[PDB]
Each structure stands twice: as C-alpha cells, then as structure tokens.
Amino acid sequence: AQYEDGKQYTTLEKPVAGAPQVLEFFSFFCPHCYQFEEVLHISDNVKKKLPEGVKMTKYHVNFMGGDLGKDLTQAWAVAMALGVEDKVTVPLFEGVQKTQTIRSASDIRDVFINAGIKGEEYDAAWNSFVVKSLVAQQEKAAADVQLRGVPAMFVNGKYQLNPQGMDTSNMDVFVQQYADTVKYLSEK
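Residues numbered from 1 in each chain as written, not as in the entry; some residues may be left out. Heavy atoms only, no water.

- Listed as the method for this PDB entry is X-ray crystallography; the listed resolution is 1.8870 Å.

Re the overall build of the protein
Here is step 1: Along its length, the protein carries eight helices and five strands.
Here is step 2: The order of helices and strands in the protein, counted from the N terminus, is β-β-α-α-β-α-α-α-α-α-β-β-α.
Here is step 3: For the protein, whose C-alpha radius of gyration is 17 Å, the value lies close to the compact-globule estimate of 16 Å for 188 residues.
Here is step 4: Counting only C-alpha atoms, the protein reaches 55 × 35 × 30 Å along its principal axes.
Here is step 5: Residues counted as buried form 43% of the 188 residues belonging to the protein.
Here is step 6: Contacts in the protein between residues at least 24 apart in sequence constitute 74% of all its contacts with a sequence separation of at least 6.
Here is step 7: Here the protein displays about 10,000 Å² of accessible surface, and carbon together with sulfur accounts for 49% of that area.
Here is step 8: Side chains of the protein carry 19 positive and 24 negative charges; the gap between the two charge centres is 3 Å. (Helix = DSSP H or I, 4+ residues; strand = E, 2+ residues; numbered from the N terminus. Rg over C-alpha atoms; globule rule 2.2 N^0.38 Å. Buried < 20%, exposed > 50% of the residue type's maximum accessible area, 1.4 Å probe, protein only. Contact = heavy atoms within 4.5 Å. Areas by Shrake-Rupley, 256 points an atom, 1.4 Å probe, with all protein chains shown as cover. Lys, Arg positive; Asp, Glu negative; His and termini not counted. Charge placed at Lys NZ, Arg CZ, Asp CG, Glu CD.)

Right, here's the structure in full:
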C-alpha cells in the first residue's frame, strides 16, 4: 500500500488505552526537536491538517540533560498550567541549544520573566500540586510507550510516526508527508 506499517509508522504491540489522540514528546536538549520546532514547525503543520474534533498534546521528557532535564519537564508543566507554551518554547530552545544561557532552574525562570509571566505567578505555579500532577502525567505518558527517544509522536496510543522513512531533500515536502501521515493514522 502507500502507507505501510514499519515504513511511515510503526504499530505498538502494546497499545495504550485512553491515550491522547495526538501525543508528541520532546526535550529542550534534543537537537531534532529544535529543528521540529523552529525550522520545520511540525506541530503547527500537523494541526493545520488534523480533522475537527482532534486535540494535540505535547509533553517534555526527563531522559535528556540530567538534572536540568527534570527542571525543564517541571517548567513545561508550569507552561501548560499557565497556558504560555507559545511564549516560552522558542526562548527555552534557544537558551539551551543556541546561546547556552540556561544552566539552572533560575535561568529557566528568567525566560518566563522575560516573556512577561510575573515572578510570583511563576513561583506559585512551580510549587503547586496542579503542576506536580501535570509532571506526573508527562512521566506516565512517556512510561506507557516506554519512550527511549525524542522527537516522537503517537496517534491514538497505537501508532508511532517513523520519520526515518521520509525523503529529507526538501524540508517542506518532509513536513507535509509527516503531517499527511498523521492525518491518515488519525482516520484509521
């Protein structure tokens, strides 16, 4: 066929019940993740092609960057709780990978301050149990599919995107193949 298991996607032999419809994993330490966010705009292109009635979830992971890695997972929980993802994603990526100015939890915090989240609001969120449970969800979702690498995208807890099997000569063609594949898997 045109879409083949083991080619543009793999099927989990261990399907996950009640999973988010479109679930993306990343790390601010992850070099392809940086590309996916600032050069390819994968999330946004997938969304533009998803049917109506389908929501997108994106979670951070712990297994890169050690201690700072975990802080970032908690910071992403704060970002999700406050609804400020679209304001901190770029400066977090550039702080970790481009300028390398993010070296501590305080440097993460500065990024939010510069994006206009008030210190009090951030610290309150950082220490909240709503954020604790949001960190738990991120971890549980990654555990459920025994995630050992990022970027990763799962559709309906059953299919995992496989971008290694997609021409990368043209970045625009790659992105549409990726997005079109997510749409196909969605309608499956």
